[PDB]
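**Student:** So here's data_2.txt (compact mmCIF, C-alpha atoms and all ligand atoms).
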# COMPACT_ATOMS: atom_id res chain seq x y z
CA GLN Z 24 14.86 -7.46 22.12
CA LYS Z 25 15.08 -9.30 19.97
CA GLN Z 26 11.27 -9.31 20.36
CA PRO Z 27 8.97 -11.48 18.17
CA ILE Z 28 5.78 -10.29 16.54
CA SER Z 29 3.72 -12.14 19.20
CA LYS Z 30 4.63 -9.21 21.53
CA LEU Z 31 2.87 -6.66 19.38
CA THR Z 32 -0.60 -5.50 20.49
CA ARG Z 33 -3.80 -4.43 18.70
CA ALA Z 34 -5.50 -1.14 19.54
CA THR Z 35 -8.84 -2.91 19.78
CA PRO Z 36 -10.19 -6.41 19.07
CA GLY Z 37 -11.37 -5.37 15.61
CA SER Z 38 -8.11 -3.57 14.59
CA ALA Z 39 -6.60 -5.02 11.41
CA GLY Z 40 -3.07 -3.98 12.33
CA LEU Z 41 -0.56 -4.73 15.03
CA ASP Z 42 0.99 -1.50 16.17
CA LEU Z 43 4.70 -0.73 15.65
CA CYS Z 44 6.65 1.93 17.66
CA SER Z 45 10.21 3.29 16.96
CA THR Z 46 12.71 2.49 19.59
CA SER Z 47 14.42 5.79 18.95
CA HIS Z 48 13.67 9.43 18.96
CA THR Z 49 14.05 10.54 15.40
CA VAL Z 50 13.64 13.90 13.60
CA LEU Z 51 12.84 13.73 9.84
CA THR Z 52 12.90 16.50 7.27
CA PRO Z 53 11.64 16.37 3.69
CA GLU Z 54 15.13 16.69 2.21
CA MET Z 55 16.25 13.57 4.08
CA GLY Z 56 14.14 11.21 2.02
CA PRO Z 57 13.36 7.68 3.20
CA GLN Z 58 14.62 6.61 6.58
CA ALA Z 59 14.41 3.10 8.09
CA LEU Z 60 13.18 3.38 11.67
CA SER Z 61 14.18 0.70 14.22
CA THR Z 62 11.38 -1.16 16.01
CA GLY Z 63 13.31 -3.89 17.84
CA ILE Z 64 10.62 -6.36 16.55
CA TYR Z 65 11.76 -9.33 14.44
CA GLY Z 66 10.20 -11.76 12.00
CA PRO Z 67 9.37 -14.54 11.21
CA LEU Z 68 5.67 -14.56 10.68
CA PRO Z 69 3.05 -17.23 11.39
CA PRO Z 70 2.89 -20.11 8.89
CA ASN Z 71 1.24 -19.35 5.57
CA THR Z 72 1.21 -15.58 6.19
CA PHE Z 73 3.21 -12.60 5.04
CA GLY Z 74 3.14 -9.06 6.44
CA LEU Z 75 2.41 -5.56 5.14
CA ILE Z 76 3.72 -2.55 7.04
CA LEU Z 77 1.43 0.49 6.56
CA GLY Z 78 1.12 3.91 8.15
CA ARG Z 79 -1.39 4.77 10.84
CA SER Z 80 -3.91 7.23 9.51
CA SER Z 81 -3.37 9.74 12.28
CA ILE Z 82 0.39 9.75 11.62
CA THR Z 83 -0.02 10.03 7.86
CA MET Z 84 -2.27 13.10 8.44
CA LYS Z 85 0.44 14.70 10.58
CA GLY Z 86 2.82 14.54 7.60
CA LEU Z 87 4.77 11.36 8.14
CA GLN Z 88 4.55 8.96 5.22
CA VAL Z 89 5.17 5.28 5.77
CA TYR Z 90 6.07 3.52 2.58
CA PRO Z 91 4.30 0.18 2.34
CA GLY Z 92 6.63 -2.61 3.17
CA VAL Z 93 6.36 -6.33 2.50
CA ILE Z 94 7.57 -8.69 5.23
CA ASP Z 95 8.28 -12.15 3.91
CA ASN Z 96 7.07 -15.17 5.81
CA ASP Z 97 10.53 -16.34 6.67
CA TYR Z 98 12.18 -12.98 7.27
CA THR Z 99 14.10 -13.24 10.58
CA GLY Z 100 15.59 -9.69 10.59
CA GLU Z 101 14.36 -6.62 12.36
CA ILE Z 102 11.09 -5.15 11.08
CA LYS Z 103 11.92 -1.55 10.11
CA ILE Z 104 9.51 1.23 9.20
CA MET Z 105 10.40 3.06 6.01
CA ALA Z 106 9.34 6.64 6.59
CA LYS Z 107 9.52 10.13 5.09
CA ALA Z 108 8.54 13.61 6.27
CA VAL Z 109 6.24 14.77 3.55
CA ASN Z 110 6.27 18.58 3.78
CA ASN Z 111 7.39 19.68 7.19
CA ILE Z 112 9.75 18.70 9.95
CA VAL Z 113 8.41 15.62 11.79
CA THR Z 114 9.52 14.50 15.24
CA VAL Z 115 9.11 10.82 16.24
CA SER Z 116 9.33 10.32 20.00
CA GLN Z 117 10.55 7.02 21.42
CA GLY Z 118 7.53 4.71 21.89
CA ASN Z 119 5.06 6.60 19.66
CA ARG Z 120 3.06 4.17 17.47
CA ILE Z 121 4.16 5.05 13.95
CA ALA Z 122 2.97 2.15 11.74
CA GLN Z 123 1.01 -1.06 11.80
CA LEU Z 124 1.69 -4.61 10.71
CA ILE Z 125 -1.07 -6.33 8.79
CA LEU Z 126 -0.94 -10.15 8.29
CA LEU Z 127 -2.26 -11.57 5.01
CA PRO Z 128 -2.48 -15.08 3.53
CA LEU Z 129 0.51 -16.19 1.50
CA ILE Z 130 -0.76 -17.73 -1.68
CA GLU Z 131 1.32 -20.55 -3.15
CA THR Z 132 2.05 -20.55 -6.87
CA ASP Z 133 4.25 -22.57 -9.21
CA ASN Z 134 6.46 -19.56 -10.00
CA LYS Z 135 10.07 -20.56 -10.07
CA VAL Z 136 12.12 -19.66 -7.05
CA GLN Z 137 15.11 -18.61 -9.11
CA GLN X 24 -25.74 9.40 3.89
CA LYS X 25 -24.77 7.88 6.07
CA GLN X 26 -24.28 5.29 3.30
CA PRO X 27 -22.88 1.77 3.98
CA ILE X 28 -20.23 0.05 1.91
CA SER X 29 -22.92 -2.16 0.29
CA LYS X 30 -23.78 0.94 -1.82
CA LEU X 31 -20.38 1.06 -3.45
CA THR X 32 -20.04 -0.35 -6.98
CA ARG X 33 -17.31 -2.17 -8.92
CA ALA X 34 -16.15 -0.93 -12.31
CA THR X 35 -16.43 -4.44 -13.71
CA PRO X 36 -17.13 -7.94 -12.34
CA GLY X 37 -13.41 -8.70 -12.10
CA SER X 38 -12.42 -5.37 -10.40
CA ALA X 39 -10.68 -5.92 -7.06
CA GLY X 40 -11.77 -2.56 -5.68
CA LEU X 41 -14.99 -0.81 -4.81
CA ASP X 42 -14.84 2.71 -6.10
CA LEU X 43 -14.85 5.73 -3.76
CA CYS X 44 -15.79 9.32 -4.86
CA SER X 45 -15.35 12.60 -2.87
CA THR X 46 -18.53 14.29 -1.96
CA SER X 47 -16.85 17.64 -2.34
CA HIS X 48 -15.02 19.64 -4.90
CA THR X 49 -11.54 20.00 -3.58
CA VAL X 50 -8.35 21.69 -4.90
CA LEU X 51 -5.01 20.31 -3.58
CA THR X 52 -1.54 21.78 -3.87
CA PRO X 53 1.76 20.13 -2.97
CA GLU X 54 2.41 22.51 -0.08
CA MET X 55 -0.88 21.49 1.56
CA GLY X 56 0.28 17.99 2.41
CA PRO X 57 -2.17 15.24 3.30
CA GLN X 58 -5.86 16.02 3.17
CA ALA X 59 -8.71 13.73 4.27
CA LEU X 60 -11.41 13.75 1.59
CA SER X 61 -15.05 13.07 2.57
CA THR X 62 -16.83 10.17 0.87
CA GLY X 63 -20.08 9.97 2.85
CA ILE X 64 -19.50 6.15 3.00
CA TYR X 65 -19.29 4.49 6.44
CA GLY X 66 -17.96 1.27 7.89
CA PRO X 67 -18.37 -1.38 9.25
CA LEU X 68 -17.11 -4.08 6.99
CA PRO X 69 -18.37 -7.62 6.36
CA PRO X 70 -17.50 -10.19 9.04
CA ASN X 71 -13.92 -11.44 9.06
CA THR X 72 -12.73 -8.75 6.63
CA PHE X 73 -10.82 -5.51 6.87
CA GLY X 74 -10.39 -2.85 4.18
CA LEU X 75 -7.50 -1.19 2.34
CA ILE X 76 -8.05 2.17 0.65
CA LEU X 77 -5.74 2.58 -2.39
CA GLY X 78 -5.48 5.02 -5.27
CA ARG X 79 -6.85 4.37 -8.72
CA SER X 80 -4.03 4.07 -11.19
CA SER X 81 -5.38 6.70 -13.54
CA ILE X 82 -5.64 9.20 -10.66
CA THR X 83 -2.18 8.40 -9.33
CA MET X 84 -0.78 9.06 -12.85
CA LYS X 85 -2.48 12.46 -12.91
CA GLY X 86 -0.51 13.45 -9.80
CA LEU X 87 -2.86 12.72 -6.94
CA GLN X 88 -1.40 10.35 -4.38
CA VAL X 89 -3.69 8.34 -2.15
CA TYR X 90 -1.94 7.16 0.95
CA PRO X 91 -2.88 3.57 1.72
CA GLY X 92 -5.38 3.43 4.49
CA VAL X 93 -6.45 0.54 6.70
CA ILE X 94 -10.14 0.27 7.56
CA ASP X 95 -10.75 -1.88 10.61
CA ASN X 96 -13.50 -4.44 10.58
CA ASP X 97 -15.54 -2.67 13.19
CA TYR X 98 -14.88 0.91 12.15
CA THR X 99 -18.27 2.70 12.04
CA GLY X 100 -16.98 6.19 11.06
CA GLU X 101 -16.83 7.78 7.67
CA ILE X 102 -14.33 6.28 5.23
CA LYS X 103 -12.04 9.16 4.23
CA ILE X 104 -9.45 9.23 1.46
CA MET X 105 -6.06 10.51 2.54
CA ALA X 106 -4.69 12.36 -0.46
CA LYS X 107 -1.84 14.60 -1.58
CA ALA X 108 -1.05 16.55 -4.75
CA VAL X 109 2.33 15.22 -5.69
CA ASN X 110 3.87 17.93 -7.91
CA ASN X 111 1.19 20.11 -9.37
CA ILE X 112 -2.15 21.60 -8.52
CA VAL X 113 -4.85 18.89 -8.57
CA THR X 114 -8.58 19.54 -8.81
CA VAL X 115 -11.04 16.90 -7.50
CA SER X 116 -14.56 17.42 -8.84
CA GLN X 117 -17.56 16.26 -6.84
CA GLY X 118 -18.36 12.64 -7.82
CA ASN X 119 -15.03 11.81 -9.51
CA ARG X 120 -13.82 8.32 -8.48
CA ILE X 121 -10.63 9.03 -6.56
CA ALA X 122 -9.78 5.78 -4.71
CA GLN X 123 -10.88 2.20 -4.27
CA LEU X 124 -11.71 0.02 -1.31
CA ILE X 125 -10.24 -3.46 -1.32
CA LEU X 126 -11.58 -6.10 1.14
CA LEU X 127 -9.12 -8.62 2.58
CA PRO X 128 -9.40 -11.48 5.09
CA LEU X 129 -8.81 -10.54 8.71
CA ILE X 130 -6.50 -13.10 10.21
CA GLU X 131 -6.99 -13.86 13.89
CA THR X 132 -3.94 -14.06 16.14
CA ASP X 133 -3.33 -14.36 19.88
CA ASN X 134 -1.76 -10.89 20.07
CA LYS X 135 -2.94 -9.07 23.13
CA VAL X 136 -5.58 -6.45 22.60
CA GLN X 137 -3.99 -4.02 25.02
CA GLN S 24 6.60 -10.74 -24.64
CA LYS S 25 3.81 -10.70 -24.16
CA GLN S 26 4.91 -12.67 -21.06
CA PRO S 27 2.40 -14.00 -18.46
CA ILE S 28 2.82 -13.73 -14.72
CA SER S 29 3.79 -17.43 -14.55
CA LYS S 30 7.22 -16.30 -15.88
CA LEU S 31 7.93 -14.14 -12.86
CA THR S 32 10.25 -15.55 -10.17
CA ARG S 33 10.49 -15.27 -6.38
CA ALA S 34 13.73 -14.24 -4.68
CA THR S 35 13.39 -17.13 -2.25
CA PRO S 36 10.76 -19.77 -1.41
CA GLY S 37 9.39 -17.65 1.43
CA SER S 38 9.23 -14.35 -0.56
CA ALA S 39 5.72 -12.88 -0.64
CA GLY S 40 6.30 -11.06 -3.91
CA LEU S 41 7.07 -11.94 -7.50
CA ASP S 42 9.75 -9.64 -8.75
CA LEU S 43 9.12 -7.12 -11.56
CA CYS S 44 11.92 -5.51 -13.69
CA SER S 45 11.62 -2.55 -16.16
CA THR S 46 12.30 -3.44 -19.71
CA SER S 47 13.79 -0.02 -20.26
CA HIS S 48 16.51 2.15 -18.93
CA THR S 49 14.77 5.08 -17.38
CA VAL S 50 15.98 8.23 -15.53
CA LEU S 51 13.48 9.85 -13.10
CA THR S 52 13.64 13.23 -11.42
CA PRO S 53 11.39 14.57 -8.67
CA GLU S 54 9.84 17.22 -10.93
CA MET S 55 8.69 14.52 -13.36
CA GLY S 56 6.10 13.08 -11.02
CA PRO S 57 4.61 9.63 -11.57
CA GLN S 58 5.89 7.57 -14.45
CA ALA S 59 4.52 4.21 -15.64
CA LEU S 60 7.42 1.83 -16.22
CA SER S 61 7.07 -1.00 -18.78
CA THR S 62 7.60 -4.56 -17.57
CA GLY S 63 6.52 -6.59 -20.61
CA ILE S 64 4.51 -8.80 -18.15
CA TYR S 65 0.74 -9.15 -18.70
CA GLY S 66 -2.27 -10.17 -16.66
CA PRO S 67 -4.57 -12.03 -16.10
CA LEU S 68 -4.13 -13.44 -12.66
CA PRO S 69 -4.93 -16.88 -11.25
CA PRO S 70 -8.61 -17.55 -10.48
CA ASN S 71 -9.98 -15.91 -7.35
CA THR S 72 -6.92 -13.68 -6.90
CA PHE S 73 -6.07 -10.06 -7.52
CA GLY S 74 -2.63 -8.43 -7.45
CA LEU S 75 -0.91 -5.62 -5.55
CA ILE S 76 2.21 -4.00 -7.01
CA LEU S 77 4.50 -2.68 -4.23
CA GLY S 78 8.04 -1.35 -4.07
CA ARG S 79 11.02 -3.42 -3.01
CA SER S 80 12.39 -2.12 0.25
CA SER S 81 15.91 -1.69 -1.04
CA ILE S 82 14.64 0.40 -3.97
CA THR S 83 12.36 2.51 -1.80
CA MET S 84 15.39 3.28 0.45
CA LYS S 85 17.38 4.44 -2.59
CA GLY S 86 14.71 7.08 -3.26
CA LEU S 87 12.43 5.47 -5.80
CA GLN S 88 8.82 5.35 -4.69
CA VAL S 89 6.48 2.78 -6.17
CA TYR S 90 2.89 3.76 -5.78
CA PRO S 91 0.78 0.78 -4.77
CA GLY S 92 -1.11 -0.54 -7.70
CA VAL S 93 -4.11 -2.86 -7.85
CA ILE S 94 -4.16 -5.47 -10.63
CA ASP S 95 -7.64 -6.79 -11.27
CA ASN S 96 -8.18 -10.49 -11.69
CA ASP S 97 -9.17 -10.20 -15.31
CA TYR S 98 -6.78 -7.46 -16.37
CA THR S 99 -5.13 -8.61 -19.63
CA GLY S 100 -2.97 -5.49 -20.25
CA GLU S 101 0.65 -4.92 -19.44
CA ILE S 102 1.52 -4.68 -15.75
CA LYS S 103 3.19 -1.28 -15.33
CA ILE S 104 5.04 0.05 -12.30
CA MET S 105 3.95 3.51 -11.21
CA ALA S 106 7.08 5.17 -9.90
CA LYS S 107 8.45 8.50 -8.69
CA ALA S 108 11.90 9.80 -7.74
CA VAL S 109 11.36 11.07 -4.25
CA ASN S 110 14.17 13.58 -3.68
CA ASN S 111 17.01 12.94 -6.04
CA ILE S 112 17.70 11.80 -9.55
CA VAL S 113 17.09 8.04 -9.85
CA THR S 114 18.42 5.84 -12.64
CA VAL S 115 16.62 2.54 -13.46
CA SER S 116 18.78 0.20 -15.51
CA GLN S 117 17.19 -2.32 -17.85
CA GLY S 118 16.55 -5.56 -15.91
CA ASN S 119 16.90 -4.14 -12.38
CA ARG S 120 14.15 -5.50 -10.08
CA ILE S 121 12.12 -2.42 -9.21
CA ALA S 122 8.86 -3.73 -7.68
CA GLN S 123 7.08 -6.88 -6.63
CA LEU S 124 3.71 -8.41 -7.38
CA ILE S 125 1.81 -9.79 -4.42
CA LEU S 126 -1.23 -12.08 -5.01
CA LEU S 127 -4.16 -11.83 -2.60
CA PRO S 128 -7.58 -13.53 -2.37
CA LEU S 129 -10.40 -11.79 -4.21
CA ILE S 130 -13.36 -11.66 -1.90
CA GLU S 131 -16.78 -11.82 -3.54
CA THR S 132 -19.47 -9.41 -2.41
CA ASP S 133 -22.97 -8.48 -3.59
CA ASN S 134 -21.89 -4.95 -4.56
CA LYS S 135 -23.43 -3.95 -7.82
CA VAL S 136 -21.19 -4.08 -10.84
CA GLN S 137 -22.52 -0.83 -12.25
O1 LIG Z 201 9.02 -1.84 5.47
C1 LIG Z 201 9.71 -2.87 5.30
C2 LIG Z 201 9.84 -3.65 4.15
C3 LIG Z 201 10.64 -4.80 4.12
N1 LIG Z 201 11.34 -5.14 5.29
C4 LIG Z 201 12.18 -6.35 5.36
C5 LIG Z 201 11.25 -7.57 5.55
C6 LIG Z 201 11.24 -8.23 4.18
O2 LIG Z 201 11.05 -9.64 4.16
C7 LIG Z 201 12.61 -7.83 3.63
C8 LIG Z 201 12.75 -7.79 2.10
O3 LIG Z 201 11.77 -6.86 1.61
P1 LIG Z 201 11.54 -6.69 0.03
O4 LIG Z 201 11.47 -7.97 -0.94
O5 LIG Z 201 10.46 -5.63 -0.12
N2 LIG Z 201 13.00 -5.97 -0.19
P2 LIG Z 201 14.15 -6.30 -1.38
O6 LIG Z 201 13.49 -6.86 -2.67
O7 LIG Z 201 14.95 -5.03 -1.52
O8 LIG Z 201 15.09 -7.41 -0.64
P3 LIG Z 201 15.26 -8.97 -1.04
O9 LIG Z 201 16.03 -9.01 -2.36
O10 LIG Z 201 15.94 -9.61 0.17
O11 LIG Z 201 13.93 -9.67 -1.31
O12 LIG Z 201 12.90 -6.55 4.13
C9 LIG Z 201 11.18 -4.38 6.43
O13 LIG Z 201 11.75 -4.60 7.50
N3 LIG Z 201 10.39 -3.25 6.39
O1 LIG Z 202 -7.54 6.06 4.60
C1 LIG Z 202 -8.01 5.80 5.72
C2 LIG Z 202 -7.41 5.14 6.79
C3 LIG Z 202 -8.09 4.89 8.00
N1 LIG Z 202 -9.40 5.37 8.12
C4 LIG Z 202 -10.20 5.13 9.33
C5 LIG Z 202 -10.72 3.67 9.30
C6 LIG Z 202 -9.83 2.95 10.30
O2 LIG Z 202 -10.42 1.84 10.97
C7 LIG Z 202 -9.48 4.08 11.27
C8 LIG Z 202 -8.18 3.91 12.06
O3 LIG Z 202 -7.11 3.78 11.11
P1 LIG Z 202 -5.62 3.45 11.60
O4 LIG Z 202 -5.35 2.33 12.72
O5 LIG Z 202 -4.77 3.39 10.34
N2 LIG Z 202 -5.43 4.92 12.30
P2 LIG Z 202 -4.80 5.26 13.82
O6 LIG Z 202 -3.80 4.18 14.29
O7 LIG Z 202 -4.28 6.67 13.73
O8 LIG Z 202 -6.15 5.29 14.73
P3 LIG Z 202 -6.56 4.26 15.91
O9 LIG Z 202 -5.61 4.52 17.08
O10 LIG Z 202 -8.05 4.53 16.16
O11 LIG Z 202 -6.35 2.80 15.52
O12 LIG Z 202 -9.39 5.27 10.51
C9 LIG Z 202 -9.99 6.00 7.04
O13 LIG Z 202 -11.15 6.44 7.06
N3 LIG Z 202 -9.27 6.22 5.89
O1 LIG Z 203 0.46 -0.21 -10.70
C1 LIG Z 203 -0.52 -0.51 -11.40
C2 LIG Z 203 -1.87 -0.34 -11.13
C3 LIG Z 203 -2.88 -0.76 -12.02
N1 LIG Z 203 -2.47 -1.32 -13.23
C4 LIG Z 203 -3.45 -1.81 -14.22
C5 LIG Z 203 -3.98 -3.19 -13.74
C6 LIG Z 203 -5.37 -2.88 -13.21
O2 LIG Z 203 -6.32 -3.93 -13.30
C7 LIG Z 203 -5.76 -1.67 -14.06
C8 LIG Z 203 -6.81 -0.73 -13.45
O3 LIG Z 203 -6.28 -0.25 -12.20
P1 LIG Z 203 -7.18 0.65 -11.22
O4 LIG Z 203 -8.72 0.27 -10.94
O5 LIG Z 203 -6.31 0.96 -10.02
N2 LIG Z 203 -7.15 1.93 -12.24
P2 LIG Z 203 -8.45 2.90 -12.73
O6 LIG Z 203 -9.57 2.93 -11.67
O7 LIG Z 203 -7.83 4.22 -13.12
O8 LIG Z 203 -8.92 2.15 -14.10
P3 LIG Z 203 -10.32 1.37 -14.35
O9 LIG Z 203 -11.41 2.43 -14.40
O10 LIG Z 203 -10.08 0.56 -15.63
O11 LIG Z 203 -10.70 0.43 -13.21
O12 LIG Z 203 -4.59 -0.93 -14.30
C9 LIG Z 203 -1.13 -1.51 -13.49
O13 LIG Z 203 -0.68 -2.00 -14.53
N3 LIG Z 203 -0.19 -1.07 -12.58
MG MG Z 204 -4.59 2.15 14.47
MG MG Z 205 -10.47 1.01 -11.15
MG MG Z 206 12.37 -8.72 -2.45
For this file, write the structure as structure tokens.
**Tutor:**
Amino acid sequence: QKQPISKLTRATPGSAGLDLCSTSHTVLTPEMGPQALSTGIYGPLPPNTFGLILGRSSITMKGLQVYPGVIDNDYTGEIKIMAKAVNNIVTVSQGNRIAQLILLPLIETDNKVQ
Amino acid sequence: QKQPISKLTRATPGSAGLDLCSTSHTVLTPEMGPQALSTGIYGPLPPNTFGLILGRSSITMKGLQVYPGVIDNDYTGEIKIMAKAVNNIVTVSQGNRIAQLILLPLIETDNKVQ
Amino acid sequence: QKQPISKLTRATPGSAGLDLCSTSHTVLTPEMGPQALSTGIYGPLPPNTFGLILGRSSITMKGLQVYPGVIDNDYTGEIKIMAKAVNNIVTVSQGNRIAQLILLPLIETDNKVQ
């Protein structure tokens, strides 16, 4: 790191999302509420796109919720995964794929930038 | 079934989502955590698109959470709805519209497919 | 009000979302489950677009969950924010930015509109 999103990989050619792994081992319990998991991946995103961070279905089904996150086109910070253990104690091992980044078109509008 | 996504219907012409129903009667309690509800609808999706499964607002407000799900362009499995009773006991009757499929453009990138 | 979405503002030029504030002071507890917060902003959306309502990351991290909401292209009602206190008591002050509206392309399909 810092590593750009061009280093992320897709599971398969037809996968919508780019996979995201935590760089740490983390244990989460329901009483902890939302935690921001480090990925060591950084924006910004390709021109005219923004990002959505979503959970992987297999991880959601194992009781780890990823709250959808919006990554702005010009965000240059670290992409973090906002996560919560739903019901039980969840253990995230270093390098496990926990979420996915989806890229979507950024529509321009005349909304004021105030 | 198997039924393709072309069999899904929109509530109205201007509806973003295609409605999804469970093919079973299911009761959900908060302690159960995430459950994958059968729809009997199968991918794949139209060329150059991927799917997002989201909750219907009326169903969310009645205490059933649908976790956002990504449906890859070339997924040929059954589209399932990942769902949780938030606070109370929720009963899903066979044929009730529980979620919606939204289609979005699949942006191509040079990310490796490893 | 009624106020149209053209009155919403972006945090910065590169922000994907248009910010949404509640027009009321609201306290939320976990046992309350989902609440629909008033914004005094109304659809409809620009041609060929639909909307997604998502949480702001800073608000999610402070324990207020926004359930993703789909806003249809031709929705002319009030845009409400579906929200839940995750673990703790959350207080929403009048005018605090609580969610964001993202605009996305509405793909046309031949799905029946029944
Ligand atoms: O899961 C997420 C969500 C957002 N982020 C980063 C990227 C995004 O561009 C940035 C700001 O996100 P939001 O607009 O959702 N957050 P907020 O409204 O609290 O911050 P700001 O006022 O800077 O826009 O936070 C993540 O790293 N992970
Ligand atoms: O709500 C959902 C989410 C995903 N799915 C299916 C369709 C999608 O293409 C497939 C894989 O989804 P994810 O990439 O989110 N899951 P995961 O990363 O666990 O599986 P894989 O390693 O196969 O990519 O699972 C559903 O049926 N419902
Ligand atoms: O967060 C949200 C979600 C939806 N809505 C409004 C806008 C949208 O067009 C409308 C209908 O949303 P859904 O299709 O998700 N709800 P549902 O399927 O329950 O209603 P309908 O049968 O009218 O389509 O509700 C909001 O105001 N906030
Ligand atoms: Mg995957
Ligand atoms: Mg609907
Ligand atoms: Mg913001």
**Student:** Could you please extract the residues within 10 Å of ligand MG 204 (chain Z), counting all atoms listed in the file, and hand them back as a PyMOL selection string?
**Tutor:** (chain Z and resi 33-35+38-43+78-82+120-124) or (chain X and resi 93-95)
**Student:** Could you please tell me, as a PyMOL selection string, which residues of chain Z have an atom within 6 Å of chain S when using all atoms listed in the file?
**Tutor:** chain Z and resi 57+95-97+134-137
**Student:** Show me, as lines of an AutoDock Vina configuration file, the centre and edge lengths in Å to one decimal of the axis-aligned box that covers every listed atom of ligand LIG 201 (chain Z) with 6 Å on each side.
**Tutor:**
center_x = 12.5
center_y = -5.8
center_z = 2.4
size_x = 19.0
size_y = 19.8
size_z = 22.2
**Student:** Mind pulling up the distance from atom CA of residue 54 of chain Z to atom CA of residue 52 of chain S?
**Tutor:**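 These atoms are spaced 14.1 Å apart.
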**Student:** So what do you get for atom CA of residue 132 of chain X versus atom CA of residue 67 of chain Z, distance-wise?
**Tutor:**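 Answer for the atom CA of residue 132 of chain X to atom CA of residue 67 of chain Z separation: 14.2 Å.
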**Student:** Quick one: of X:75, X:51, X:59, X:68, who's nearest to residue 114 of chain X, counting only C-alpha atoms?
**Tutor:**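 Result for the nearest residue to residue 114 of chain X: X:51.
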**Student:** With distances taken over only C-alpha atoms, which of S:44, S:130, S:115, S:98 is nearest to residue 63 of chain S?
**Tutor:** S:44
**Student:** For ligand LIG 202 (chain Z), which of X:71, X:47, X:58, X:116 is the closest residue, counting all atoms listed in the file?
**Tutor:**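 Of X:71, X:47, X:58, X:116, the one nearest ligand LIG 202 (chain Z), counting all atoms listed in the file, is X:58.
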**Student:** Quick check, in Å to one decimal: how far apart do atom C8 of ligand LIG 201 (chain Z) and atom CA of residue 105 of chain X lie?
**Tutor:**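 About the pair atom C8 of ligand LIG 201 (chain Z) and atom CA of residue 105 of chain X: they are 26.2 Å apart.
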**Student:** Ranking X:73, X:108, X:131, X:119 by minimum distance to ligand LIG 202 (chain Z) and counting only C-alpha atoms and all ligand atoms, which one comes first?
**Tutor:**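 Counting only C-alpha atoms and all ligand atoms, the residue closest to ligand LIG 202 (chain Z) is X:73.
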